[PDB]
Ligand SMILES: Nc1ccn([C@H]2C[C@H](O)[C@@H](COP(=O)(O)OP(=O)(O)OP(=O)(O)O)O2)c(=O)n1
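The form solved without the ligand is given below as one chain in structure tokens.
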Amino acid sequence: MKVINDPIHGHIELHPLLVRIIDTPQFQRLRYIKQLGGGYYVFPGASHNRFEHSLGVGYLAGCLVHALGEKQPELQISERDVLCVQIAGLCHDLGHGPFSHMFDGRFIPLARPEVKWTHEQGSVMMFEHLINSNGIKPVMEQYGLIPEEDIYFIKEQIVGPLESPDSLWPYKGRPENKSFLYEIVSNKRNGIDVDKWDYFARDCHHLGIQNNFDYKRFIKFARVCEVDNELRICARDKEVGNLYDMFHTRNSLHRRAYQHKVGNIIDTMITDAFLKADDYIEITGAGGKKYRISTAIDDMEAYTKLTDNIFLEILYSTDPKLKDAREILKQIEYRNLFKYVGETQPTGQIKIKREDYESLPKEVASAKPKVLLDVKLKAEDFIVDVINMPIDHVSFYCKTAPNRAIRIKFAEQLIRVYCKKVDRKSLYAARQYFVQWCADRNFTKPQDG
């Protein structure tokens, strides 16, 4: 069977079934989508793509379930469960669009404020398209899987409950005596899953940021116990130090990289260029029908051909219709970027919703600063991007008596404003607008400097 050499995980080997699923247009697509979006334009080492990250998650997810398999035969973990948990880890990110979180996190909301679209939903849709276009279902059977049950199981591990929306068991892929398997790839009960392990390590490796955490140690000690009358994955608390190091790494990646000031301004410049190209860029989908960037999400055949390449198709275009789009991308290249105006956050735990994003620049230009001013700005002059986001929420067990649980800065939304007008006159105006806007919505007063 096939072996890959990975800079994070060393020699990792892939079941033939996994290799079939990988060697496919729908999967290979992920080589053309930057893991960190415009982060590459700030971090020269962050060139990595959703593809290698996804091999990694498929591997770790395999390591975890198999570890629990050898260490606790009573759980009844089959080879069939390992494959399914591997496929889920392998495919969890198929849904990601051009520049990852930029796409479903900002661009689709600005382009079509009325559609409810997430990269996870897209993962399930893109996975359905993958198996249907490449005849995977008989190959699954050939290797022991039961498609009319396991495909649910794989989709569920990726998007959460399918028949959702109480206390009952929502899942159809596996029964509640195997509830813990749903915690491997994506898990909201913790900030702990094999996805995070991979991209924490991987992003650290490519960013040049210290990684404190050792997943390999956690898999050897982890095991399943009973907690509040269910099955959960538990840690030996001689590893609480390891857990703290993980969260410290998570906080560093967020402060230094994900919430980086220039990296995020560039993400909004790329979106701006995409918005101004949306009418003109063509992506051929199913049947020969042509789509737009903002609409390609409704056809998996077209979405398959929708990647970071759209950046260069715009950069390199000659069509006078795409000149505006072209121009913004060029300003990125000369590094004449949008200028930073300021930051604020809602008080308190009211989160601005994706469907309202587009209305925010209008709101900001509509503010009336106390002192009337020199320059007037318009809605278009402003960018508003919304940036989103203890160890006692973890279950622990004891080495001697290895049985059941032995359990006895912020915030959730940054709002930043940039101005496209660059002179000191207009930039002074913008800040005045912004400060008022923050009052008019009772957000925290911006801090100067």
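Quick note: we count residues from 1 along the sequence shown, nothing fancier.
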With respect to the deposited sequence, is there a break between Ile408 and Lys409 in this entry, and if so is it 1 to 3, 4 to 9, or 10 or more residues, or none at all? 10 or more
Missing from the model but present in the deposited sequence, between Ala401 and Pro402: none
May I ask you to compare 283-291 and 139-147 by their mean CA B factor in the entry and name the higher one? 139-147
Averaged over C-alpha atoms, is the B-factor higher for 347-355 or for 247-255 in this PDB entry? 347-355
Say you rank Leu55, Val65, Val394, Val42 by Cα B-factor from the PDB entry; which sits at the top? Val394
Among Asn309, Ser167, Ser100, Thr304, where is the Cα B factor highest in this entry? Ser167
Select lowest, middle or highest to describe the third in which the CA B-factor of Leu90 falls within its chain in this entry. lowest
Relative C-alpha B-factor of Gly173, binned into the chain's lowest, middle or highest third: middle
Of the three thirds of Cα B-factor ranks in this chain, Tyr316 occupies the lowest
Which third of the chain holds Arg236 when residues are ordered by C-alpha B factor: lowest, middle or highest? highest
C-alpha B factor of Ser179, ranked within the chain: lowest, middle or highest third? highest
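Beyond the structure shown, there is the form deposited with the ligand bound, which is absent from this document and is the topic of what follows.
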Can you pick the stretch from 131-139, 248-256, 172-180, 314-322 whose heavy atoms fall within 4.5 Å of the ligand in the deposited bound form? 248-256
Single option in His101, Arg326, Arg80, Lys71 placed near the ligand in the deposited bound form, where near means a heavy atom within 4.5 Å: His101
Residue (of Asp308, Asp93, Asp150, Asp299) lying close to the ligand in the deposited bound form, criterion heavy atoms within 4.5 Å: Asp93
Taking the shortest heavy atom distance, is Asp272 within 4.5 Å of the ligand in the deposited bound form? no
Answer with yes or no whether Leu36 is in contact with the ligand in the deposited bound form, where contact means some heavy atom within 4.5 Å. yes
The ligand contact at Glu156 in the deposited bound form, heavy atom, 4.5 Å: no
At the 4.5 Å heavy atom threshold, is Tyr199 in contact with the ligand in the deposited bound form? yes
